[PDB]
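Remarks on the structure that follows.
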Amino acid sequence: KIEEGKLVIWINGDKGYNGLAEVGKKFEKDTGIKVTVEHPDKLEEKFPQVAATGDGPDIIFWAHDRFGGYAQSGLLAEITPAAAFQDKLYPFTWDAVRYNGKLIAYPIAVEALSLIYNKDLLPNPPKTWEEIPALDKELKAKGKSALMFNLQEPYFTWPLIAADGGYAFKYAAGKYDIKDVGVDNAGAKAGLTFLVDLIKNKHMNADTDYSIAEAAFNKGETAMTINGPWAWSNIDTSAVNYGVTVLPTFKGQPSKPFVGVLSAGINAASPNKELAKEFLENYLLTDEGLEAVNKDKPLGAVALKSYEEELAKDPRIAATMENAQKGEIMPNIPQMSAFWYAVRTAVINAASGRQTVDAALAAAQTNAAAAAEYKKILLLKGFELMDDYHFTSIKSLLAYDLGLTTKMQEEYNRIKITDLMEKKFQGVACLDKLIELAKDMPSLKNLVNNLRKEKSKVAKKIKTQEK
Ligand SMILES: OC[C@H]1O[C@H](O[C@H]2[C@H](O)[C@@H](O)[C@@H](O)O[C@@H]2CO)[C@H](O)[C@@H](O)[C@@H]1O
């Protein structure tokens with residue numbers, strides 16, 4: 001499926017993919033091996049879909065938080081660099097790409113969000129979130145606004161949720177406790193409430209996304225944005241005299257961004273693993289290779305010691321690391337996918353008014369901790385106890401809810417439907433839905449009765465967890 005004798009690379013559309021293609025051109029000139037760089041939409045979801053069957057790119061780039069899930073799924077080749085190469089990168093960046101004792105990617109660069117501000121509109125940026133409402137009032141009187149940033153991805157709101165105490169998974173005695181989630185504690189609620197209050201008081205708009213915020217800052221319409229180093233080169237080309245600085249404090253506490261390590265993994269199905277390693281170690285992870293990417297879109301604080309010694313003198317990188325040091329490196333555990341999905345739903349629902357802050361975060365807390373368990377019940381006590389005839393009928397009844405074509409209704413197995421069903425009906429909702437759909441099927445009445453019992457069992461187990 002994957003073509004032998006060339007390299008296909010996937011990297012996100014906000015990174016320096018034209019600079020990476022230039023590294024690939026040098027590789028081709030030395031070796032004759034052509035290197036194609038692509039930036040597919042929804043890359044972090046598309047890779048595990050195609051790689052599951054042995055398709056996809058030779059090399060996948062993403063922040064390290066997704067890579068434990070990919071490795072658990074067997075989608076990644078183990079990385080075994082010689083000690084001489086391993087010593088060229090900072091040890092903590094190798095930690096970010098180690099999963100169950102195995103290196104599963106090459107670390108490239110350390111990313112953290114900073115406060116970016118327009119020095120002509122705002123010579124002295126605010127030290128606190130709490131000052132921003134008054135600043136917005138003052139700027140609105142000049143036809144401007146104080147702050148716009150992407151409110152569709154929870155990555156950008158996390159620094160504020162985490163500031164007063166919110167967390168993802170508790171790190172306890174050397175490992176993450178996948179049952180101890182910190183998204184509905186008092187600190188998380190306080191931060192999300194402040195965000196929702198900014199929207200209620202017309203200092204931000206719930207529909208603001210990456211493109212809208214970037215355009216508004218780079219056109220000089222808003223005084224501040226929150227973004228990572230990849231954003232700097234577009235501001236450079238704009239007319240904005242900008243600075244990069246520490247994020248504002250909340251309730252006197254630093255904002256705590258999730259720190260990501262841009263990482264490159266090798267597809268377990270690649271027939272080009274030797275070439276992919278040669279490209280990543282000896283073409284990309286060099287001063288000249290990282291510079292080629294960095295001049296396109298800045299990487300942040302790179303993992304390669306020799307080149308970071310040059311970048312560290314840049315005040316923008318100093319600000320990036322100051323923010324990174326106030327935050328936490330993301331876990332790479334497989335549960336991160338469910339965490340991000342739950343938190344994305346909570347922030348969007350709270351910002352839009354669809355849910356209160358308390359209700360939105362309570363659901364995200366339960367579902368980040370318990371989605372896997374509800375899915376196990378749905379699969380093993382629901383779908384695997386019904387025959388193919390009834391499974392086909394249930395897929396037909398779910399066709400509108402899950403968007404299933406006739407071919408999808410034909411090809412999708414019980415594991416896939418379980419995944420899709422819980423994405424649509426999060427947590428306990430997926431059990432309720434199957435119970436509702438199978439209430440009236442005569443041959444499934446026994447199956448349905450036990451699902452009610454299973455639903456009750458986990459409800460008890462969920463409470464014993466919280467107290
Ligand atoms: O919003 C949740 C999202 O956050 C992170 O994605 C970041 C990425 O790390 C940055 O490099 C940049 O591209 O922005 C993304 C947010 O739009 C996580 O890495 C990702 O897994 C998670 O879904």
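Residues are named by chain letter and number: chains run A, B, ... in the order of the structure tokens, numbers start at 1 in each chain, and ligands are numbered from 1 in the order shown.
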
Handout entry: Env. residues ligand 1 / 8 Å / only C-alpha atoms and all ligand atoms / as a ChimeraX atom specification
Key = /A:12,14-15,44,62-66,111,152-156,210,228,259-262,336-337,340-341,344

Those same residues, written as a short mmCIF file (atom, residue, chain, number, x, y, z; two decimals), in the first residue's frame with C-alpha atoms?
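And here's selection-v6.cif as it stands now:
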```
data_model
loop_
_atom_site.label_atom_id
_atom_site.label_comp_id
_atom_site.auth_asym_id
_atom_site.auth_seq_id
_atom_site.Cartn_x
_atom_site.Cartn_y
_atom_site.Cartn_z
CA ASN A 12 -0.06 19.88 10.10
CA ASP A 14 0.11 25.37 10.58
CA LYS A 15 3.74 24.17 10.48
CA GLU A 44 -4.35 13.52 13.80
CA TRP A 62 2.19 15.76 15.48
CA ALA A 63 2.63 16.89 19.04
CA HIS A 64 3.68 13.98 21.24
CA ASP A 65 0.37 13.74 23.16
CA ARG A 66 -1.22 11.69 20.36
CA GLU A 111 5.89 24.26 21.78
CA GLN A 152 -12.69 26.17 19.05
CA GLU A 153 -9.65 24.17 20.19
CA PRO A 154 -9.31 23.57 23.96
CA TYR A 155 -5.51 23.79 23.65
CA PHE A 156 -5.83 27.61 23.64
CA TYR A 210 -7.89 30.22 14.51
CA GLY A 228 2.46 29.43 19.40
CA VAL A 259 3.59 21.95 26.49
CA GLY A 260 3.74 19.94 23.25
CA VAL A 261 6.79 18.34 21.66
CA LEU A 262 6.44 18.32 17.89
CA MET A 336 -5.38 11.79 25.86
CA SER A 337 -7.65 11.45 22.82
CA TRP A 340 -9.26 16.29 24.48
CA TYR A 341 -12.62 15.29 22.96
CA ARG A 344 -13.38 20.37 23.55
#
```

Problem - Close residues, segment 429-434 of chain A itself excluded, 9 Å, only C-alpha atoms, min 3 positions apart in chain, as number ranges by chain - result: A: 374-375, 377-378, 382, 394, 418, 421-426, 437-439, 448, 451-452, 455

Please save C-alpha atoms of the selected residues as a CSV table (one decimal), in the first residue's frame.
```
chain,number,residue,atom,x,y,z
A,374,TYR,CA,-18.9,2.6,28.8
A,375,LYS,CA,-17.5,1.6,25.4
A,377,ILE,CA,-20.0,-2.4,28.1
A,378,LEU,CA,-21.5,-1.2,24.8
A,382,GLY,CA,-24.3,-5.0,23.7
A,394,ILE,CA,-29.0,-1.2,14.5
A,418,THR,CA,-18.9,1.3,19.3
A,421,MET,CA,-21.6,5.7,18.7
A,422,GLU,CA,-19.8,6.9,21.9
A,423,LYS,CA,-18.3,9.9,20.0
A,424,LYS,CA,-21.9,10.9,19.1
A,425,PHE,CA,-23.5,9.8,22.5
A,426,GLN,CA,-20.7,10.4,25.0
A,437,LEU,CA,-33.0,1.4,20.0
A,438,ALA,CA,-33.4,-2.2,21.1
A,439,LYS,CA,-36.3,-1.8,23.5
A,448,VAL,CA,-31.5,-5.0,26.8
A,451,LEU,CA,-27.6,-3.6,29.6
A,452,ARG,CA,-29.8,-1.8,32.2
A,455,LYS,CA,-25.6,0.7,33.3
```

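Closest to residue 73 of chain A among A:120, A:280, A:61, A:333 is A:333, based on only C-alpha atoms.
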
Handout entry: Polymer residues at most 12 Å from residue 71 of chain A, only C-alpha atoms, same-chain spacing of 2 or more positions, as number ranges by chain
Key = A: 48, 51-52, 64-69, 73-79, 97-105, 265-268, 332-334

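Counting from atom CA of residue 81 of chain A, the distance to atom CA of residue 10 of chain A is 21.5 Å.
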
Expected answer as a short mmCIF file (atom, residue, chain, number, x, y, z; two decimals) with N, CA and C atoms, in the first residue's frame: helix (DSSP H, G or I) residues in segment 129-322 of chain A:
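See out07.cif below for the written result:
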```cif
data_model
loop_
_atom_site.label_atom_id
_atom_site.label_comp_id
_atom_site.auth_asym_id
_atom_site.auth_seq_id
_atom_site.Cartn_x
_atom_site.Cartn_y
_atom_site.Cartn_z
N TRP A 129 -5.15 38.44 33.68
CA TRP A 129 -6.39 38.27 32.93
C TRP A 129 -7.45 39.26 33.40
N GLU A 130 -7.44 39.56 34.70
CA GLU A 130 -8.50 40.36 35.29
C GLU A 130 -8.51 41.79 34.77
N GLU A 131 -7.36 42.30 34.28
CA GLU A 131 -7.31 43.63 33.70
C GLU A 131 -7.89 43.70 32.30
N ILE A 132 -8.08 42.56 31.64
CA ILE A 132 -8.38 42.58 30.21
C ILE A 132 -9.76 43.18 29.93
N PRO A 133 -10.80 42.89 30.73
CA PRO A 133 -12.09 43.56 30.48
C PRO A 133 -12.01 45.08 30.39
N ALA A 134 -11.36 45.74 31.35
CA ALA A 134 -11.23 47.19 31.31
C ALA A 134 -10.41 47.65 30.11
N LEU A 135 -9.35 46.91 29.77
CA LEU A 135 -8.56 47.24 28.59
C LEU A 135 -9.40 47.15 27.32
N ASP A 136 -10.28 46.14 27.24
CA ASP A 136 -11.14 46.01 26.06
C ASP A 136 -12.09 47.19 25.95
N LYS A 137 -12.67 47.62 27.08
CA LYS A 137 -13.54 48.79 27.06
C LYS A 137 -12.81 50.00 26.50
N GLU A 138 -11.56 50.20 26.93
CA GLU A 138 -10.78 51.33 26.46
C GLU A 138 -10.44 51.21 24.98
N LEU A 139 -10.15 49.99 24.50
CA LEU A 139 -9.79 49.83 23.10
C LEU A 139 -11.02 49.88 22.19
N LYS A 140 -12.17 49.40 22.68
CA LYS A 140 -13.39 49.47 21.88
C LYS A 140 -13.75 50.92 21.56
N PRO A 154 -9.52 23.37 22.51
CA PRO A 154 -9.31 23.57 23.96
C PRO A 154 -7.87 23.82 24.33
N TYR A 155 -6.92 23.43 23.48
CA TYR A 155 -5.51 23.79 23.65
C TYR A 155 -5.30 25.25 24.05
N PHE A 156 -6.06 26.18 23.44
CA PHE A 156 -5.83 27.61 23.64
C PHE A 156 -6.48 28.15 24.91
N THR A 157 -7.51 27.48 25.41
CA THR A 157 -8.15 27.87 26.66
C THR A 157 -7.56 27.13 27.85
N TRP A 158 -6.90 25.99 27.62
CA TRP A 158 -6.28 25.25 28.72
C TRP A 158 -5.38 26.09 29.64
N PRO A 159 -4.55 27.02 29.15
CA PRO A 159 -3.70 27.76 30.10
C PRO A 159 -4.51 28.44 31.19
N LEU A 160 -5.72 28.89 30.87
CA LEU A 160 -6.56 29.58 31.84
C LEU A 160 -7.32 28.60 32.74
N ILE A 161 -7.82 27.50 32.17
CA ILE A 161 -8.44 26.45 32.98
C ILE A 161 -7.46 25.89 33.99
N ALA A 162 -6.20 25.71 33.59
CA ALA A 162 -5.23 25.09 34.48
C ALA A 162 -4.66 26.05 35.50
N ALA A 163 -4.82 27.36 35.30
CA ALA A 163 -4.08 28.34 36.10
C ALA A 163 -4.36 28.18 37.60
N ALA A 186 -12.48 23.08 41.49
CA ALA A 186 -12.80 24.50 41.63
C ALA A 186 -11.92 25.37 40.75
N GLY A 187 -10.65 24.98 40.57
CA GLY A 187 -9.76 25.78 39.73
C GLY A 187 -10.17 25.77 38.27
N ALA A 188 -10.52 24.58 37.75
CA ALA A 188 -10.97 24.49 36.36
C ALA A 188 -12.23 25.30 36.15
N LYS A 189 -13.19 25.18 37.08
CA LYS A 189 -14.43 25.94 36.98
C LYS A 189 -14.16 27.43 36.98
N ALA A 190 -13.24 27.89 37.84
CA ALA A 190 -12.98 29.33 37.92
C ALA A 190 -12.42 29.85 36.59
N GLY A 191 -11.49 29.11 35.99
CA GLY A 191 -10.91 29.55 34.74
C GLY A 191 -11.92 29.55 33.61
N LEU A 192 -12.70 28.47 33.49
CA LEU A 192 -13.67 28.43 32.40
C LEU A 192 -14.74 29.49 32.61
N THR A 193 -15.16 29.70 33.87
CA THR A 193 -16.12 30.76 34.15
C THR A 193 -15.60 32.12 33.68
N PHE A 194 -14.31 32.39 33.88
CA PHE A 194 -13.78 33.68 33.46
C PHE A 194 -13.84 33.83 31.95
N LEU A 195 -13.53 32.76 31.23
CA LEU A 195 -13.66 32.75 29.77
C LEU A 195 -15.10 33.03 29.35
N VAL A 196 -16.05 32.32 29.95
CA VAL A 196 -17.46 32.50 29.59
C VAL A 196 -17.92 33.91 29.94
N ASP A 197 -17.41 34.46 31.05
CA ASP A 197 -17.74 35.84 31.41
C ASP A 197 -17.20 36.84 30.38
N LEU A 198 -16.00 36.60 29.85
CA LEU A 198 -15.50 37.45 28.77
C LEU A 198 -16.46 37.46 27.59
N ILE A 199 -17.06 36.31 27.29
CA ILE A 199 -17.98 36.22 26.16
C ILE A 199 -19.32 36.87 26.51
N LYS A 200 -19.82 36.62 27.72
CA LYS A 200 -21.08 37.24 28.13
C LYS A 200 -20.98 38.76 28.11
N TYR A 210 -9.29 29.90 14.79
CA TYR A 210 -7.89 30.22 14.51
C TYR A 210 -7.77 31.28 13.42
N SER A 211 -8.48 31.09 12.30
CA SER A 211 -8.35 32.01 11.17
C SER A 211 -8.84 33.41 11.52
N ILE A 212 -9.97 33.50 12.23
CA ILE A 212 -10.54 34.80 12.57
C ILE A 212 -9.60 35.56 13.51
N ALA A 213 -9.07 34.89 14.53
CA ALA A 213 -8.18 35.56 15.46
C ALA A 213 -6.88 35.97 14.78
N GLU A 214 -6.33 35.10 13.93
CA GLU A 214 -5.06 35.43 13.27
C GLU A 214 -5.22 36.63 12.35
N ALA A 215 -6.29 36.63 11.54
CA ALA A 215 -6.55 37.77 10.67
C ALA A 215 -6.72 39.05 11.47
N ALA A 216 -7.47 38.99 12.57
CA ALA A 216 -7.74 40.21 13.33
C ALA A 216 -6.47 40.76 13.97
N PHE A 217 -5.60 39.88 14.49
CA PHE A 217 -4.38 40.40 15.08
C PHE A 217 -3.43 40.93 14.01
N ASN A 218 -3.30 40.20 12.90
CA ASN A 218 -2.31 40.58 11.90
C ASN A 218 -2.77 41.77 11.07
N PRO A 229 4.68 29.48 18.41
CA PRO A 229 5.75 30.07 17.57
C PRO A 229 5.48 29.98 16.08
N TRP A 230 4.74 28.96 15.62
CA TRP A 230 4.43 28.83 14.20
C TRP A 230 3.71 30.05 13.65
N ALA A 231 3.07 30.85 14.51
CA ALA A 231 2.33 32.03 14.09
C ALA A 231 3.23 33.23 13.82
N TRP A 232 4.49 33.21 14.26
CA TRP A 232 5.27 34.45 14.25
C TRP A 232 5.58 34.93 12.84
N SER A 233 5.82 34.02 11.90
CA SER A 233 6.29 34.51 10.61
C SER A 233 5.19 35.24 9.84
N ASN A 234 3.92 34.85 10.01
CA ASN A 234 2.85 35.62 9.39
C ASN A 234 2.72 37.01 10.02
N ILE A 235 2.98 37.14 11.32
CA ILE A 235 2.99 38.48 11.91
C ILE A 235 4.16 39.29 11.38
N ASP A 236 5.31 38.64 11.18
CA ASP A 236 6.47 39.32 10.60
C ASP A 236 6.10 39.99 9.29
N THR A 237 5.37 39.28 8.42
CA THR A 237 5.02 39.81 7.11
C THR A 237 3.96 40.90 7.20
N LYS A 273 11.63 2.26 6.25
CA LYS A 273 12.00 2.68 7.60
C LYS A 273 13.46 3.13 7.68
N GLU A 274 14.37 2.44 6.97
CA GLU A 274 15.77 2.83 6.97
C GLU A 274 15.96 4.23 6.39
N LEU A 275 15.32 4.51 5.26
CA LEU A 275 15.38 5.83 4.64
C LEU A 275 14.72 6.89 5.52
N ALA A 276 13.58 6.57 6.12
CA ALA A 276 12.93 7.53 7.00
C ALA A 276 13.83 7.91 8.17
N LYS A 277 14.51 6.92 8.76
CA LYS A 277 15.45 7.21 9.83
C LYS A 277 16.60 8.08 9.33
N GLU A 278 17.09 7.80 8.13
CA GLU A 278 18.20 8.59 7.62
C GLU A 278 17.79 10.04 7.42
N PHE A 279 16.59 10.24 6.87
CA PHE A 279 16.08 11.59 6.67
C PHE A 279 15.90 12.32 7.99
N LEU A 280 15.27 11.67 8.97
CA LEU A 280 14.95 12.38 10.20
C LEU A 280 16.20 12.67 11.03
N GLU A 281 17.12 11.70 11.15
CA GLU A 281 18.31 11.91 11.98
C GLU A 281 19.33 12.83 11.31
N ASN A 282 19.59 12.62 10.03
CA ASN A 282 20.75 13.22 9.41
C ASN A 282 20.42 14.30 8.39
N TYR A 283 19.14 14.55 8.13
CA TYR A 283 18.76 15.70 7.32
C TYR A 283 17.91 16.69 8.10
N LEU A 284 16.83 16.23 8.75
CA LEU A 284 15.99 17.16 9.49
C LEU A 284 16.63 17.60 10.81
N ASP A 287 21.38 21.40 12.26
CA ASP A 287 21.19 22.84 12.29
C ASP A 287 20.54 23.33 10.99
N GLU A 288 21.06 22.88 9.85
CA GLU A 288 20.58 23.37 8.57
C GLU A 288 19.17 22.86 8.26
N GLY A 289 18.84 21.65 8.72
CA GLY A 289 17.51 21.12 8.46
C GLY A 289 16.45 21.85 9.26
N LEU A 290 16.69 22.03 10.56
CA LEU A 290 15.75 22.76 11.39
C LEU A 290 15.66 24.22 10.97
N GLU A 291 16.78 24.82 10.55
CA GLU A 291 16.70 26.21 10.07
C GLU A 291 15.79 26.33 8.85
N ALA A 292 15.85 25.35 7.95
CA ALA A 292 15.00 25.39 6.76
C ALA A 292 13.53 25.39 7.14
N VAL A 293 13.15 24.56 8.12
CA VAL A 293 11.76 24.52 8.58
C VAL A 293 11.44 25.81 9.33
N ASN A 294 12.35 26.25 10.19
CA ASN A 294 12.13 27.39 11.07
C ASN A 294 11.93 28.69 10.29
N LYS A 295 12.63 28.85 9.15
CA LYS A 295 12.47 30.08 8.38
C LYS A 295 11.10 30.14 7.72
N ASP A 296 10.47 28.99 7.49
CA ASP A 296 9.11 28.94 6.97
C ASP A 296 8.12 29.30 8.08
N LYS A 305 20.23 20.25 20.58
CA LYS A 305 20.97 21.15 21.47
C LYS A 305 21.76 22.19 20.69
N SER A 306 22.44 21.77 19.62
CA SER A 306 23.34 22.69 18.91
C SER A 306 22.57 23.87 18.32
N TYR A 307 21.37 23.62 17.79
CA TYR A 307 20.62 24.71 17.18
C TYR A 307 19.84 25.51 18.22
N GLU A 308 19.42 24.87 19.31
CA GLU A 308 18.72 25.60 20.37
C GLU A 308 19.63 26.63 21.01
N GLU A 309 20.93 26.35 21.09
CA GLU A 309 21.86 27.34 21.63
C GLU A 309 21.82 28.64 20.84
N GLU A 310 21.54 28.57 19.54
CA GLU A 310 21.37 29.80 18.77
C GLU A 310 19.99 30.42 18.98
N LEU A 311 18.94 29.60 18.99
CA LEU A 311 17.60 30.16 19.11
C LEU A 311 17.35 30.76 20.49
N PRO A 315 14.47 36.75 22.24
CA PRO A 315 13.52 36.99 23.34
C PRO A 315 12.19 36.28 23.16
N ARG A 316 11.78 36.01 21.91
CA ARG A 316 10.52 35.31 21.68
C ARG A 316 10.60 33.86 22.13
N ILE A 317 11.77 33.24 21.94
CA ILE A 317 12.00 31.89 22.43
C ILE A 317 12.15 31.89 23.94
N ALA A 318 12.82 32.91 24.49
CA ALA A 318 12.88 33.05 25.94
C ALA A 318 11.47 33.11 26.53
N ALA A 319 10.57 33.86 25.89
CA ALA A 319 9.20 33.96 26.37
C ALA A 319 8.47 32.62 26.22
N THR A 320 8.71 31.92 25.11
CA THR A 320 8.13 30.59 24.92
C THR A 320 8.52 29.65 26.05
N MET A 321 9.80 29.65 26.43
CA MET A 321 10.22 28.73 27.48
C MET A 321 9.76 29.18 28.85
N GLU A 322 9.68 30.50 29.08
CA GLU A 322 9.13 30.97 30.34
C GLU A 322 7.70 30.47 30.51
#
```

Handout entry: Residue among A:270, A:252, A:328, A:222 lying closest to residue 6 of chain A, counting only C-alpha atoms
Key = A:270

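Nearest to residue 339 of chain A of all the residues A:24, A:143, A:182, A:57 is A:182, based on only C-alpha atoms.
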
Practice task
Find the residues near residue 37 of chain A: any atom within 9 Å, counting only C-alpha atoms, skip ones fewer than 4 places away on the same chain, and give them as a list in words.
Solution key: residues 7, 8, 9, 10, 11, 17, 18, 20, 21 and 24 of chain A

Could you take the residues named above and write them with N, CA and C atoms, as a PDB file, in the first residue's frame?
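The result, written out as out.pdb:
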```
ATOM      1  N   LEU A   7       9.554   8.691   0.100  1.00  0.00           N
ATOM      2  CA  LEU A   7       9.037   8.996   1.432  1.00  0.00           C
ATOM      3  C   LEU A   7       7.844   9.923   1.280  1.00  0.00           C
ATOM      4  N   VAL A   8       6.741   9.584   1.946  1.00  0.00           N
ATOM      5  CA  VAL A   8       5.594  10.466   2.078  1.00  0.00           C
ATOM      6  C   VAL A   8       5.530  10.928   3.523  1.00  0.00           C
ATOM      7  N   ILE A   9       5.398  12.236   3.720  1.00  0.00           N
ATOM      8  CA  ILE A   9       5.406  12.829   5.056  1.00  0.00           C
ATOM      9  C   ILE A   9       4.123  13.612   5.247  1.00  0.00           C
ATOM     10  N   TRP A  10       3.476  13.438   6.403  1.00  0.00           N
ATOM     11  CA  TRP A  10       2.332  14.264   6.772  1.00  0.00           C
ATOM     12  C   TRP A  10       2.702  15.163   7.946  1.00  0.00           C
ATOM     13  N   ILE A  11       2.359  16.449   7.829  1.00  0.00           N
ATOM     14  CA  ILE A  11       2.584  17.437   8.879  1.00  0.00           C
ATOM     15  C   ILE A  11       1.434  18.443   8.853  1.00  0.00           C
ATOM     16  N   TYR A  17       5.708  23.390   6.421  1.00  0.00           N
ATOM     17  CA  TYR A  17       5.791  22.257   5.499  1.00  0.00           C
ATOM     18  C   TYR A  17       6.544  22.601   4.212  1.00  0.00           C
ATOM     19  N   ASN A  18       6.592  23.872   3.814  1.00  0.00           N
ATOM     20  CA  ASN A  18       7.410  24.197   2.643  1.00  0.00           C
ATOM     21  C   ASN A  18       8.896  24.142   2.981  1.00  0.00           C
ATOM     22  N   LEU A  20      10.063  22.102   5.243  1.00  0.00           N
ATOM     23  CA  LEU A  20      10.346  20.676   5.348  1.00  0.00           C
ATOM     24  C   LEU A  20      10.530  20.052   3.967  1.00  0.00           C
ATOM     25  N   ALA A  21       9.740  20.498   2.980  1.00  0.00           N
ATOM     26  CA  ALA A  21       9.920  20.018   1.614  1.00  0.00           C
ATOM     27  C   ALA A  21      11.299  20.361   1.070  1.00  0.00           C
ATOM     28  N   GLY A  24      13.542  17.874   2.208  1.00  0.00           N
ATOM     29  CA  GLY A  24      13.329  16.696   1.393  1.00  0.00           C
ATOM     30  C   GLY A  24      14.012  16.780   0.045  1.00  0.00           C
TER      31      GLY A  24
END
```

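What separates atom CA of residue 373 of chain A from atom CA of residue 445 of chain A is a distance of 22.5 Å.
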
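Distances here use only C-alpha atoms; by that measure, the residue among A:116, A:168, A:2, A:173 closest to residue 149 of chain A is A:116.
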
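Near residue 415 of chain A, within 10 Å and counting only C-alpha atoms, sit residues 375, 376, 378, 379, 380, 383, 384, 412, 413, 417, 418, 419, 420 and 421 of chain A; same-chain residues fewer than 2 positions away were not included.
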
Could those residues be written to a file, using C-alpha atoms, as a PDB file, in the first residue's frame?
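After the write, part_10.pdb holds the following:
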```pdb
ATOM      1  CA  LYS A 375     -17.499   1.615  25.404  1.00  0.00           C
ATOM      2  CA  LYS A 376     -16.407  -1.762  26.810  1.00  0.00           C
ATOM      3  CA  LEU A 378     -21.505  -1.244  24.798  1.00  0.00           C
ATOM      4  CA  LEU A 379     -19.247  -3.590  22.819  1.00  0.00           C
ATOM      5  CA  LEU A 380     -19.051  -6.690  25.007  1.00  0.00           C
ATOM      6  CA  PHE A 383     -23.036  -5.470  20.206  1.00  0.00           C
ATOM      7  CA  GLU A 384     -21.184  -8.755  20.756  1.00  0.00           C
ATOM      8  CA  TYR A 412     -18.354  -1.148   9.735  1.00  0.00           C
ATOM      9  CA  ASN A 413     -17.834  -3.756  12.446  1.00  0.00           C
ATOM     10  CA  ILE A 417     -19.672   1.362  15.541  1.00  0.00           C
ATOM     11  CA  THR A 418     -18.937   1.339  19.289  1.00  0.00           C
ATOM     12  CA  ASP A 419     -16.276   4.023  18.742  1.00  0.00           C
ATOM     13  CA  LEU A 420     -18.538   6.094  16.490  1.00  0.00           C
ATOM     14  CA  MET A 421     -21.579   5.698  18.733  1.00  0.00           C
TER      15      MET A 421
END
```
